[PDB]
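Below is structure10.cif, holding mmCIF, C-alpha atoms.
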data_target
#
loop_
_atom_site.label_atom_id
_atom_site.label_comp_id
_atom_site.auth_asym_id
_atom_site.auth_seq_id
_atom_site.Cartn_x
_atom_site.Cartn_y
_atom_site.Cartn_z
CA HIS F 1 87.59 4.22 -3.47
CA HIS F 2 87.71 0.45 -4.06
CA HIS F 3 87.79 0.02 -0.32
CA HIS F 4 84.87 2.06 1.18
CA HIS F 5 82.85 -0.86 -0.07
CA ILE F 6 82.85 -4.66 -0.16
CA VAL F 7 79.69 -5.60 -2.00
CA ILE F 8 77.98 -8.91 -2.41
CA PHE F 9 75.41 -9.03 -5.20
CA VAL F 10 72.93 -11.97 -5.13
CA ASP F 11 70.99 -13.10 -8.18
CA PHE F 12 68.66 -16.10 -8.12
CA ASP F 13 69.09 -18.58 -10.99
CA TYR F 14 66.12 -18.89 -13.45
CA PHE F 15 64.03 -18.07 -10.39
CA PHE F 16 60.38 -18.68 -11.37
CA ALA F 17 61.18 -21.91 -13.16
CA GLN F 18 63.52 -22.98 -10.36
CA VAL F 19 60.92 -22.42 -7.64
CA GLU F 20 58.60 -24.65 -9.77
CA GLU F 21 61.33 -27.37 -9.91
CA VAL F 22 61.65 -27.14 -6.12
CA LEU F 23 57.91 -27.70 -5.70
CA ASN F 24 57.63 -30.37 -8.41
CA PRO F 25 60.94 -32.37 -8.30
CA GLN F 26 59.89 -34.27 -11.45
CA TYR F 27 60.51 -31.14 -13.59
CA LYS F 28 64.24 -31.11 -12.86
CA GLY F 29 66.32 -32.10 -15.82
CA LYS F 30 63.45 -31.48 -18.26
CA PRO F 31 62.78 -28.44 -20.45
CA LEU F 32 60.45 -26.21 -18.41
CA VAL F 33 58.68 -22.92 -19.23
CA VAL F 34 56.74 -20.62 -16.85
CA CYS F 35 54.11 -18.60 -18.75
CA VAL F 36 52.80 -15.06 -18.28
CA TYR F 37 49.63 -13.51 -19.77
CA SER F 38 48.89 -9.78 -19.93
CA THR F 39 44.60 -12.57 -23.28
CA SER F 40 47.85 -13.70 -25.04
CA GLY F 41 50.92 -15.49 -23.67
CA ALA F 42 54.67 -15.23 -23.44
CA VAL F 43 57.61 -16.96 -21.70
CA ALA F 44 58.29 -15.55 -18.26
CA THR F 45 61.18 -17.87 -17.41
CA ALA F 46 62.66 -20.98 -18.99
CA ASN F 47 65.02 -23.27 -17.17
CA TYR F 48 68.33 -24.22 -18.83
CA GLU F 49 67.10 -27.33 -20.58
CA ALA F 50 64.54 -25.10 -22.30
CA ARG F 51 66.98 -22.28 -23.03
CA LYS F 52 69.18 -24.96 -24.59
CA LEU F 53 66.41 -25.45 -27.21
CA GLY F 54 66.35 -21.70 -27.84
CA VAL F 55 63.51 -20.66 -25.54
CA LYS F 56 63.91 -17.11 -24.17
CA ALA F 57 62.25 -14.84 -21.67
CA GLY F 58 59.73 -12.80 -23.69
CA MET F 59 59.28 -15.24 -26.55
CA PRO F 60 55.61 -15.79 -27.48
CA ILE F 61 54.43 -19.16 -26.18
CA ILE F 62 53.38 -20.00 -29.75
CA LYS F 63 56.95 -19.57 -31.02
CA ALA F 64 58.26 -21.38 -27.97
CA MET F 65 56.11 -24.40 -28.59
CA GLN F 66 57.27 -24.46 -32.18
CA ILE F 67 60.92 -24.77 -31.11
CA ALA F 68 60.49 -26.66 -27.82
CA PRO F 69 57.46 -29.00 -28.33
CA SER F 70 58.77 -31.40 -25.75
CA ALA F 71 58.89 -28.79 -22.99
CA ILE F 72 56.42 -28.68 -20.09
CA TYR F 73 54.47 -25.38 -19.95
CA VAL F 74 53.13 -24.14 -16.64
CA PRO F 75 51.42 -20.95 -15.46
CA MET F 76 53.03 -18.20 -13.50
CA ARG F 77 52.23 -18.41 -9.81
CA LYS F 78 53.76 -15.09 -8.68
CA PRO F 79 52.45 -15.22 -5.07
CA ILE F 80 54.49 -18.32 -4.44
CA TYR F 81 57.68 -16.89 -5.92
CA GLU F 82 57.13 -13.71 -3.89
CA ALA F 83 56.86 -15.98 -0.90
CA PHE F 84 60.20 -17.62 -1.71
CA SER F 85 61.92 -14.35 -2.50
CA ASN F 86 60.61 -12.82 0.70
CA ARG F 87 62.19 -15.54 2.73
CA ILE F 88 65.53 -15.36 0.96
CA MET F 89 65.72 -11.58 1.12
CA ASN F 90 65.06 -11.75 4.88
CA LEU F 91 67.78 -14.24 5.23
CA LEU F 92 70.23 -11.94 3.42
CA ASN F 93 69.21 -8.96 5.57
CA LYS F 94 70.82 -10.68 8.55
CA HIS F 95 74.31 -10.59 6.99
CA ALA F 96 74.35 -7.06 5.62
CA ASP F 97 75.39 -3.65 6.91
CA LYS F 98 72.82 -2.32 4.43
CA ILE F 99 70.63 -4.00 1.78
CA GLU F 100 69.19 -2.98 -1.56
CA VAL F 101 66.40 -5.33 -2.70
CA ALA F 102 66.54 -4.40 -6.37
CA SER F 103 63.79 -6.88 -7.47
CA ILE F 104 62.19 -10.23 -6.66
CA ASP F 105 65.41 -12.04 -7.54
CA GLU F 106 68.15 -9.41 -7.11
CA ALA F 107 69.72 -8.04 -3.95
CA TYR F 108 72.85 -6.01 -3.01
CA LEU F 109 74.55 -6.46 0.30
CA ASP F 110 76.95 -3.86 1.74
CA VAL F 111 79.20 -5.90 4.04
CA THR F 112 82.25 -3.66 4.63
CA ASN F 113 81.39 -3.27 8.31
CA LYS F 114 80.27 -6.90 8.70
CA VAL F 115 83.74 -8.17 7.70
CA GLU F 116 85.61 -5.08 8.84
CA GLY F 117 86.83 -4.30 5.36
CA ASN F 118 88.56 -7.63 4.91
CA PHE F 119 87.99 -8.51 1.22
CA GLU F 120 88.97 -12.21 1.32
CA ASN F 121 86.60 -12.54 4.26
CA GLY F 122 83.87 -11.03 2.09
CA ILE F 123 84.35 -13.75 -0.50
CA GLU F 124 83.98 -16.44 2.14
CA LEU F 125 80.90 -14.74 3.50
CA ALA F 126 79.44 -14.90 0.00
CA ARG F 127 80.23 -18.58 -0.31
CA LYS F 128 78.58 -19.24 3.03
CA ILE F 129 75.54 -17.32 1.82
CA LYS F 130 75.34 -19.46 -1.35
CA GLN F 131 75.23 -22.61 0.70
CA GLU F 132 72.80 -21.15 3.28
CA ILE F 133 70.23 -20.35 0.59
CA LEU F 134 70.70 -23.76 -1.01
CA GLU F 135 69.94 -25.51 2.31
CA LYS F 136 67.31 -23.29 3.80
CA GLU F 137 65.45 -22.85 0.50
CA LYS F 138 66.93 -25.42 -1.86
CA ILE F 139 67.55 -22.70 -4.40
CA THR F 140 70.81 -22.10 -6.18
CA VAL F 141 71.97 -18.51 -6.73
CA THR F 142 74.83 -16.76 -8.48
CA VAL F 143 76.77 -14.08 -6.58
CA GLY F 144 79.33 -11.46 -7.39
CA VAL F 145 81.74 -9.80 -4.94
CA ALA F 146 83.32 -6.45 -5.75
CA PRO F 147 84.13 -2.91 -4.47
CA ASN F 148 80.84 -1.41 -5.64
CA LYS F 149 77.36 -2.42 -6.67
CA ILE F 150 77.98 -1.95 -10.40
CA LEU F 151 81.02 -4.15 -10.66
CA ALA F 152 79.39 -6.69 -8.31
CA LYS F 153 76.60 -7.28 -10.80
CA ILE F 154 78.79 -7.43 -13.93
CA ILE F 155 81.06 -10.13 -12.56
CA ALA F 156 77.91 -11.95 -11.41
CA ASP F 157 76.32 -11.81 -14.91
CA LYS F 158 79.51 -13.37 -16.22
CA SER F 159 79.45 -16.21 -13.66
CA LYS F 160 76.04 -17.76 -14.08
CA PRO F 161 74.58 -20.09 -13.53
CA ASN F 162 75.34 -21.09 -9.95
CA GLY F 163 78.51 -19.01 -9.76
CA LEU F 164 80.66 -16.96 -7.39
CA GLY F 165 82.32 -14.17 -9.34
CA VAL F 166 84.97 -11.92 -7.86
CA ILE F 167 86.71 -8.68 -8.70
CA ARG F 168 89.34 -7.88 -6.03
CA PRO F 169 90.16 -4.17 -5.34
CA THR F 170 93.48 -4.70 -7.11
CA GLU F 171 92.17 -6.12 -10.42
CA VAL F 172 89.52 -3.37 -10.86
CA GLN F 173 91.35 -0.74 -12.87
CA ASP F 174 92.23 -3.17 -15.60
CA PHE F 175 88.85 -4.87 -15.44
CA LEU F 176 87.25 -1.54 -16.45
CA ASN F 177 89.80 -1.19 -19.20
CA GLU F 178 88.31 -4.02 -21.23
CA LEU F 179 84.70 -3.43 -20.31
CA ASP F 180 82.12 -3.14 -23.13
CA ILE F 181 79.60 -0.32 -22.40
CA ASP F 182 77.31 -3.03 -23.58
CA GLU F 183 77.90 -4.91 -20.31
CA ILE F 184 77.00 -2.11 -17.91
CA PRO F 185 73.70 -2.71 -16.06
CA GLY F 186 71.12 -0.09 -16.90
CA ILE F 187 72.64 0.62 -20.27
CA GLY F 188 69.83 -0.58 -22.45
CA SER F 189 70.13 -1.93 -25.93
CA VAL F 190 68.75 1.30 -27.31
CA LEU F 191 71.41 3.54 -25.72
CA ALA F 192 74.06 0.84 -26.57
CA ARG F 193 72.98 0.65 -30.21
CA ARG F 194 73.19 4.43 -30.45
CA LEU F 195 76.68 4.61 -28.98
CA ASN F 196 77.69 1.87 -31.38
CA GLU F 197 76.41 3.71 -34.50
CA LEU F 198 78.91 6.33 -33.20
CA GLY F 199 81.72 3.79 -32.89
CA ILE F 200 81.66 3.84 -29.09
CA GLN F 201 81.91 0.26 -27.85
CA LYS F 202 84.07 0.25 -24.77
CA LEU F 203 84.35 2.16 -21.54
CA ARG F 204 87.52 3.80 -22.84
CA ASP F 205 85.86 5.41 -25.89
#
Since I need it in another form, could you write the structure as structure tokens?
Amino acid sequence: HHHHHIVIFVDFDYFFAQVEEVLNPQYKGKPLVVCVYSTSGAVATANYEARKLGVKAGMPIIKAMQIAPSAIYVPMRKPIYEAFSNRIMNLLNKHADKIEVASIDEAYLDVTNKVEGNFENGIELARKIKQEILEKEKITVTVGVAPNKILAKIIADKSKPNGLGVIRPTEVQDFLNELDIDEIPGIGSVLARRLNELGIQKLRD
């Protein structure tokens, strides 16, 4: 193929922490960490200022505080983020031939019909969707536009934050050529590490 589809992948930037910045404007520009407990605590999401100090999703709060003492630490308020996500997903629904809500902050839009297979028009539609989420919900997102869901996410991972990544039908074959298996969504570190011990590092191996 590389035509039967025109996909727009949408991925919200540092979502939980960003929603918190939207609600408390005074957090913006400062290291911020949303915390999750499941007894003991870990980082759920850190905004960029906090990631810049080395804070990462999954890091124990104790180790986070040790490296980012000056950060602000708040509790996870899932209901509210679900509320935001809900609204954004519904908004996306209105521009898609078909929609896959992969998670609270990830969604795939099939828009081949919507733009009658015109690729360039798909890009523009994506751009308009970036802006529409920024205005209606004040949240910035990163998107990827490609011929299929898989490529749409990869280009998107490479364009954050706040990006618009594109892989036109014509640049696909060679894109795959230099793709690290490592970069394919769903290929976990465990499978990746095992292929590596076998000297398999790229899609062409």
note - atom CA of residue 201 of chain F and atom CA of residue 168 of chain F are separated by 24.4 Å
Would you list the residues near (64.9, -13.9, -0.6), meaning any protein, DNA or RNA residue with an atom at most 10 Å from that point in file coordinates, counting all atoms listed in the file, as a tab-separated table (two decimals) with C-alpha atoms, keeping the file's coordinate frame?
chain	number	residue	atom	x	y	z
F	10	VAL	CA	72.93	-11.97	-5.13
F	11	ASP	CA	70.99	-13.10	-8.18
F	12	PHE	CA	68.66	-16.10	-8.12
F	81	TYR	CA	57.68	-16.89	-5.92
F	82	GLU	CA	57.13	-13.71	-3.89
F	83	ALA	CA	56.86	-15.98	-0.90
F	84	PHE	CA	60.20	-17.62	-1.71
F	85	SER	CA	61.92	-14.35	-2.50
F	86	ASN	CA	60.61	-12.82	0.70
F	87	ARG	CA	62.19	-15.54	2.73
F	88	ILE	CA	65.53	-15.36	0.96
F	89	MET	CA	65.72	-11.58	1.12
F	90	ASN	CA	65.06	-11.75	4.88
F	91	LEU	CA	67.78	-14.24	5.23
F	92	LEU	CA	70.23	-11.94	3.42
F	93	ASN	CA	69.21	-8.96	5.57
F	101	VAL	CA	66.40	-5.33	-2.70
F	103	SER	CA	63.79	-6.88	-7.47
F	104	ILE	CA	62.19	-10.23	-6.66
F	105	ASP	CA	65.41	-12.04	-7.54
F	106	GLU	CA	68.15	-9.41	-7.11
F	107	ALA	CA	69.72	-8.04	-3.95
F	133	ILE	CA	70.23	-20.35	0.59
F	137	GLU	CA	65.45	-22.85	0.50
F	139	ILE	CA	67.55	-22.70	-4.40
Name the residues that the PyMOL selection byres ((chain F and resi 115-124) around 12) picks from the file above, as a PyMOL selection string, using the file's chain letters and numbers. chain F and resi 2-9+95-97+109-114+125-131+143-147+152+164-170
Got a sec to resolve the PyMOL selection byres ((chain F and resi 180-194) around 10) on this structure and send the residues as JSON, numbers by chain? {"F": [150, 151, 153, 154, 155, 157, 158, 176, 177, 178, 179, 195, 196, 197, 198, 199, 200, 201, 202, 203, 204, 205]}
Separation of atom CA of residue 108 of chain F from atom CA of residue 50 of chain F in Å: 28.4 Å
